[PDB]
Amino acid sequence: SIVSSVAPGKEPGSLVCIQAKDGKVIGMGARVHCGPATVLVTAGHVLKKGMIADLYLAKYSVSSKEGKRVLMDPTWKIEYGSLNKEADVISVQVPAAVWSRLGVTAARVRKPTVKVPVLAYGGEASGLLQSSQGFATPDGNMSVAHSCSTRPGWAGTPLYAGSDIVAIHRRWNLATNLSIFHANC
């Protein structure tokens, strides 16, 4: 798996970091279309931390030439998924105002295909992102096997196939086949 630096602002427009209050990146996520609206999608064990501590959605701002972030409200409604279950995927009805302030566009969820090329993103700061290349294969249940290298703090990051998201990375590999749970939309 080839690992590469991603220049500030050149990551996909849907991607967001999830930070603790001291700025540490503890997970990733993305804005995706969900019926007539959009949702955050991330790992359930990442979102669970925001029940007892403050988490922030974070993304590099091209116009400000620095990172920006917005406090997460744990009472934002859950669209699908769960904080504690095996698939470890959850989606949240984040207000459009928050996505607007961070510059986050919505991506499309697509079904994975066999050995589809994929990119996964993560990093220690919103202008210090990196990507890892790999391939993804769905298992006929709710998961995808994939070959992207990841680091701790990449939990919840999408696997991108071209423009679209086909999976959610779980933990530092088996990702969740997002289209399975996205059918709740």
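The first residue of the sequence shown is number 1, and the count goes up from there.
inquiry  = Our gap detector needs a label for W172 to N173. Which class matches the unmodelled residues of the deposited sequence there: none, 1 to 3, 4 to 9, or 10 or more?
reply    = Per the deposited record, the segment joining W172 and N173 lacks coordinates for 4 to 9 residues.
Practice problem: Report the stretch with the higher mean CA temperature factor, choosing between 73-81 and 111-119 on the basis of the entry. | Solution: The entry gives the higher C-alpha B-factor average to 111-119.
Notebook entry, point to check: Comparing 8-16 with 173-181, where is the mean C-alpha B-factor higher?
Noted result: The stretch with the larger mean CA B-factor is 173-181.
Checklist entry - For the listed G35, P158, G44, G67, which has the peak Cα B-factor recorded in the PDB entry? => result Highest C-alpha B-factor among the listed residues goes to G35.
#### Entry: Peak C-alpha temperature factor (PDB record), options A145, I52, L57, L40
Top of the list by C-alpha B-factor: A145.
Quick check for you: using the entry's CA B-factors within this chain, is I90 in the lowest, middle or highest third?
For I90, whose C-alpha B-factor we compare with every modelled residue in the chain, the answer is the middle third.
*Taking the C-alpha B-factors as the PDB entry records them, is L128 in the lowest, middle or highest third of its chain?*
As the PDB entry reports it, the C-alpha B-factor of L128 lands in the middle third of its chain.
Based on the deposited C-alpha B factors for this chain, I'd like to know if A30 is in the lowest, middle or highest third. Lowest third, going by the recorded CA B-factors of the chain.
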